[PDB]
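Chains as they are written, first to last, in our numbering: chain A, 1 to 119; chain B, 1 to 82.
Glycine residues also receive a C-beta, built at the ideal position from the N, C-alpha and C atoms.
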RNA sequence: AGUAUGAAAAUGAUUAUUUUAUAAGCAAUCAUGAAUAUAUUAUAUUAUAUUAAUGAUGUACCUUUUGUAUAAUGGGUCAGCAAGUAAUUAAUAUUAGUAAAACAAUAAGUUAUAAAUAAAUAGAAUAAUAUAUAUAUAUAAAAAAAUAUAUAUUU
RNA sequence: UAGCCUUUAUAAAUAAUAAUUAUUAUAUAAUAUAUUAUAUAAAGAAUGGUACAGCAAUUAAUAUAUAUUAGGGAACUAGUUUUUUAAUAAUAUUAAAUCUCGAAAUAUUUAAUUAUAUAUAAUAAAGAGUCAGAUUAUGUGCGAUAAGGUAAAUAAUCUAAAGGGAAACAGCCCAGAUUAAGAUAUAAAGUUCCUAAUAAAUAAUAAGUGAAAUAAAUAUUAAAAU
RNA sequence: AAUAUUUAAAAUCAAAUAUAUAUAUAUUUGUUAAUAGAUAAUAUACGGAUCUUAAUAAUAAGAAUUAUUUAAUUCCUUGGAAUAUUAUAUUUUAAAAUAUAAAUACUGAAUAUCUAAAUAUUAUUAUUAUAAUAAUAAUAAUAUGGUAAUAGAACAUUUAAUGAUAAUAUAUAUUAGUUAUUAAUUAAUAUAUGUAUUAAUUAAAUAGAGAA
RNA sequence: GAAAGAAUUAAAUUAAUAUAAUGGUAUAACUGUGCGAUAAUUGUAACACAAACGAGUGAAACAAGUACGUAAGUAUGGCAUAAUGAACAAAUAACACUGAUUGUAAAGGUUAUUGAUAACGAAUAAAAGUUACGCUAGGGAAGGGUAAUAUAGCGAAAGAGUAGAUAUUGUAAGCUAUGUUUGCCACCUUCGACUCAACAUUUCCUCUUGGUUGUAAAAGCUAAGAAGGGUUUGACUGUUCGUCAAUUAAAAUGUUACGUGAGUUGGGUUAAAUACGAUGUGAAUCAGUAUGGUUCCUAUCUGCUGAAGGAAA
Ligand SMILES: [Mg+2]
Ligand SMILES: [Mg+2]
Ligand SMILES: [Mg+2]
Ligand SMILES: [Mg+2]
Ligand SMILES: [Mg+2]
Ligand SMILES: [Mg+2]
Ligand SMILES: [Mg+2]
Ligand SMILES: [Mg+2]
Ligand SMILES: [Mg+2]
Ligand SMILES: [Mg+2]
Ligand SMILES: [Mg+2]
Ligand SMILES: [Mg+2]
Ligand SMILES: [Mg+2]
Ligand SMILES: [Mg+2]
Ligand SMILES: [Mg+2]
Ligand SMILES: [Mg+2]
Ligand SMILES: [Mg+2]
Ligand SMILES: [Mg+2]
Ligand SMILES: [Mg+2]
Ligand SMILES: [Mg+2]
Ligand SMILES: [Mg+2]
Ligand SMILES: [Mg+2]
Ligand SMILES: [Mg+2]
Ligand SMILES: [Mg+2]
Ligand SMILES: [Mg+2]
Ligand SMILES: [Mg+2]
Ligand SMILES: [Mg+2]
Ligand SMILES: [Mg+2]
Ligand SMILES: [Mg+2]
Ligand SMILES: [Mg+2]
Ligand SMILES: [Mg+2]
Ligand SMILES: [Mg+2]
Ligand SMILES: [Mg+2]
Ligand SMILES: [Mg+2]
Ligand SMILES: [Mg+2]
Ligand SMILES: [Mg+2]
Ligand SMILES: [Mg+2]
Ligand SMILES: [Mg+2]
Ligand SMILES: [Mg+2]
Ligand SMILES: [Mg+2]
Ligand SMILES: [Mg+2]
Ligand SMILES: [Mg+2]
Ligand SMILES: [Mg+2]
Ligand SMILES: [Mg+2]
Ligand SMILES: [Mg+2]
Ligand SMILES: [Mg+2]
Ligand SMILES: [Mg+2]
Ligand SMILES: [Mg+2]
Ligand SMILES: [Mg+2]
């Protein structure tokens, strides 16, 4: 290994904060998507925008992917997530079966919340 | 109701399927704002690119001209010709 | 190796301005003091020009390579010279001329005007769009594959 | 030659790209134990056999004061018991590139709908170049679970991409330079000084451990929980 | 206290979210540290300085390491409210009371916006003179890194065809201006020439050299 | 209640399939049996799959004829996926198409068939070696990485040690370091001697110290600190190495382009000459042996050794 890819094995505090913020943003996006759908469905039934926003009973999304994203068991929120799953991917060939998320290529775009139950 | 979607991240490190989805959605460059009438189809498409994009719901959409007008900064002066 | 002329450059010496004897690397660019020069509108607290205070950024150029600051190629510098051109043809395209004809006008020829078929004495609505017709295979004649021909004016 | 690139055009043109709907079940309401609507749940039309999971059949491995089949010993007067040797059965437990009876996600992929049209496909007439590739990540073959190794699979970047970060850096993290301007949002990465930018909270460390390239079995000393 | 394990949130408990809801069901989260082991040849090598805090005593420092977090702290549902803080002003006796503010952490690209300029296309205009056009100028949008390659548009140079003009001119050179500038033009200065095969349009090329 | 039939359910594709392996097959594609021996036929084949082209694959339908079946229908070889070869040039037939003045002919064409190019998209009907006498065009189409090996260490301790695993020893298996050996990779196209050495410490000697029923003493053995100083001369060989001789306090191990050829040498390795043994028909060749035998360099910069001038004191 003569070429030096000087990437540290762990993240800095600032990196971790940025990661957390990014995670929070994707959750927010999902929430917005569900909310807009609900609003649209209220409008279709025949309420005003404000009335729809007020509504006690929020409509859950019917499409599959959205419904999965909504579930925390499948796609957890940043507040829900463990410290470890925010900053460590599962890597079967690593010692500890764990690897920094920053070592994943395009980790800033690519999402990866859920690790295996005991790894 | 309308999703105001914004292409927050670039499409440089992004695979080709996700690029194609972004193109279909209508977003060109980074930070280029697009309003979309809400429906299941557009919602699913947005979910597919959830990490590149910032979405927020709105009462009304805005045409490109309106958006431009909103953007324009205040010229702090009033011309008086003589 | 003509004759004039020659502030063309490389190159040498000298003078002037400016910087330089505690500072380290493509010697430039950008920031920025100072010094000097010029300026018949510097009215100035001015403008331009020249100059390695000081600060920041800055890994020659080409070639060949997956990849070159490379200790890979090539160049001492400047001046001059040094590389997709012609002929005879064919196919496309664009325009222009003429146009069911064109070129040529002496005739002759080339292309077009009919599609086929290895080739032969075969060759396009019997009452209309293919469901008709022509050709090649086949045949008594159709059907069948293929391509072509037809819905005031021929293309 | 095809693949990928370019130019000029053609339409009774959207055929392209992306997603949704499509299914199953439950509850509620309305009609005729069925149908429709609404809401919710379910990795949700069709195709599949990798991961995972599993030991079924196949191929392999282990154990039985268990049973049967024979054999070798052994005690009394050929019969009999025990300590057994293998095989077979029974029961329990295990694994495999060429085992999958269970089984994902990603994937392949169809209709209509919506969204992309200052956008795509297809076709027609013409021009190319290229066929030494590299690294990173993931899943493998070879190698020794060695190589800046080698061989291909998928994605990205470099190739041909300047800019910010990673001390310096082809391939990593961001992000694509038409020309400026420099007020505002920022990305990745940073905020004691060098060096543009910082203040807090709660724990732990005392080894300069560490502070952007994490060195192992094991040992000692503590600390919690039982 | 002693012996022996484990270093765990599966179970268990605690806390939080979602469905009927003072409870039940389902989901999500929470379970050690230090040292030794430790190791080669130009020179210490976190990039370097340097970083672990301390009462008296500061209008003042107290990780710049590791782990979990925040953008002053606490409740309620990004937002408001309360709480103290900090700074400031006023009033009263260096303190107290009142009120105003700050709470949007910041840096950061050739990213995006704004601000202007250019070209190209699409869609609207305006002005001036296939007028369904051309030129120029507006507005909105999209696009403009590029090797191999493809396509489009220009300029310099030399010759041929046509061709005014003139030493107050032309050409070449130097210096300083000008025009979004390989080019040309203005002025000054110099040297030549009684003068552009000149401007412009065509036709062509021994038509552009830091790379053999 | 009994007999017979029709059968259904469960299981099975582990047998069998002309033939490998895979998929399929009991609704059988497997097996038996009647007829038959035909469809192991003739012209057009769309449309798909696959696909650079050349080819390859499935195939509806139309037309002619055939075999089986009461009929429905089925058959354009085999349950499927291998069982193969272009043109050119010859050859054989059929076709009635051309017939170089006309007629015949020849010769060519169409249709069907034939043999191989296995380096198997086949260059020709037909082609092996050698060069250290070689030549031209190009390409690189010890250092670096690795650490299997090697060297060193650690953990655990079977076992030796008169008794006791751990004074000293330490099987096989375990965890590391090193980049000193032999390899592997292919980014990257000279051994020894002399001379002068610089550095490391994993210490051979000298200094300090722990352990040593195996430290009585003296010699040792083993371990910790320690790089200040020191660490060989000869015979043999080109050798480093090694064997030995004589010494020494000791004759340590490396790194430095296995330091040092613009500093020396040139014995080894190395081309031209020649011979020997072996190999080859031979030219010639060799992880062979032997004699002979070719590079040079005035120092520009860095650096180092000395010596001046200038200077800001
Ligand atoms: Mg000085
Ligand atoms: Mg110097
Ligand atoms: Mg050099
Ligand atoms: Mg060079
Ligand atoms: Mg040279
Ligand atoms: Mg016939
Ligand atoms: Mg090609
Ligand atoms: Mg469609
Ligand atoms: Mg497999
Ligand atoms: Mg199965
Ligand atoms: Mg290749
Ligand atoms: Mg490689
Ligand atoms: Mg290249
Ligand atoms: Mg770059
Ligand atoms: Mg690119
Ligand atoms: Mg761009
Ligand atoms: Mg340290
Ligand atoms: Mg380090
Ligand atoms: Mg739990
Ligand atoms: Mg060091
Ligand atoms: Mg640092
Ligand atoms: Mg920009
Ligand atoms: Mg461009
Ligand atoms: Mg020339
Ligand atoms: Mg020249
Ligand atoms: Mg040039
Ligand atoms: Mg068979
Ligand atoms: Mg079988
Ligand atoms: Mg296909
Ligand atoms: Mg084909
Ligand atoms: Mg059969
Ligand atoms: Mg031949
Ligand atoms: Mg004749
Ligand atoms: Mg061949
Ligand atoms: Mg071949
Ligand atoms: Mg060949
Ligand atoms: Mg041959
Ligand atoms: Mg010889
Ligand atoms: Mg090495
Ligand atoms: Mg013993
Ligand atoms: Mg051993
Ligand atoms: Mg003694
Ligand atoms: Mg030592
Ligand atoms: Mg001393
Ligand atoms: Mg001697
Ligand atoms: Mg050497
Ligand atoms: Mg030398
Ligand atoms: Mg040298
Ligand atoms: Mg002699």
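- The beta carbon of residue 74 of chain A is closer than 6 Å to those of 68 in its chain, skipping five residues each way along the sequence.
- Annotation for residue 58 of chain B: the continuous beta strand (DSSP E) segment containing it runs 53-58.
- Residue pairing for residue 2 of chain B: DSSP places it in a beta bridge opposite B:37, B:58.
- Near chain A, meaning a CB-to-CB distance below 8 Å, the residues of the stretch 32-55 of chain B are 38, 39, 40, 43, 44, 46, 47, 48, 50, 51, 52, 53, 54, 55.
- Judged by pairs of C-beta atoms under 8 Å, the stretch 1-11 of chain B touches the stretch 24-33 of chain B, as three or more such pairs exist.
- Collapsing the DSSP output to three states places residue 50 of chain B in coil.
- For residue 13 of chain A, the three-state secondary structure derived from DSSP is helix.
- Residue environment analysis places residue 43 of chain B among the buried positions, since at least 16 neighbouring C-beta atoms fall within 10 angstroms of its C-beta.
- Exclusion of the five residues before and after residue 91 of chain A leaves 97, 98, 99 as the residues of its chain whose Cβ lies within less than 7 Å of its Cβ.
- By alpha-carbon distance to residue 39 of chain A, the top candidate from B:12, B:59, B:81 is B:59.
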